[PDB]
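The data below hold one chain only, encoded as structure tokens and taken in the form solved without 4-chloro-5-methylbenzene-1,2-diamine (2CQ).
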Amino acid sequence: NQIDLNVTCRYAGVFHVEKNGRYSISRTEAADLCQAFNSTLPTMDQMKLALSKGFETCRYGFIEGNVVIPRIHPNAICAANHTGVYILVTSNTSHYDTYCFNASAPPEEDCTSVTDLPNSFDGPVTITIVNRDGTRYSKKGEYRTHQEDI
């Protein structure tokens, strides 16, 4: 019973989380997941400030109110070559990655690794945080509060 959470650098407190190497997070699960990192879904303003500090991904993820991809450099297979916070407009489907915002993180680029899941609760799942440099932190617990997300 295992969940892998791949996480990025934080930029003005904003970071990306991909679950189990595939788009697999619902909007309700995303809020609960960020809560386990003492974080919240970023506002569009928080995400724009993270972008300005160097944040970009090539994956759709929730923020408050929308699903987006932050882009700095144009790439034809990432958000159809757009730059800025690209907003998903049309999709049949509901599951994506998530972004999270930690207000206590550093103000600019923080590419140190993540070594804790501070606000998960008691549960049976082995949750493993996987950093980009491969370092891992694991703990037994749960973060999902909605039964339909389990």
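Residue positions are given as counts along the sequence shown, with the first one as 1.
There is also a form solved in complex with 4-chloro-5-methylbenzene-1,2-diamine (2CQ); it is not shown, and the following applies to it.
Only one of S113, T28, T43, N66 lies close to 4-chloro-5-methylbenzene-1,2-diamine (2CQ) in the entry with it bound, with a heavy atom inside 4.5 Å, and it is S113. Using a 4.5 angstroms limit between non-hydrogen atoms, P107 is distant from 4-chloro-5-methylbenzene-1,2-diamine (2CQ) in the entry with it bound. Contacts of stretch 19-41 with 4-chloro-5-methylbenzene-1,2-diamine (2CQ) in the entry with it bound, defined by any heavy atom lying within 4.5 Å, are made by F37 alone.
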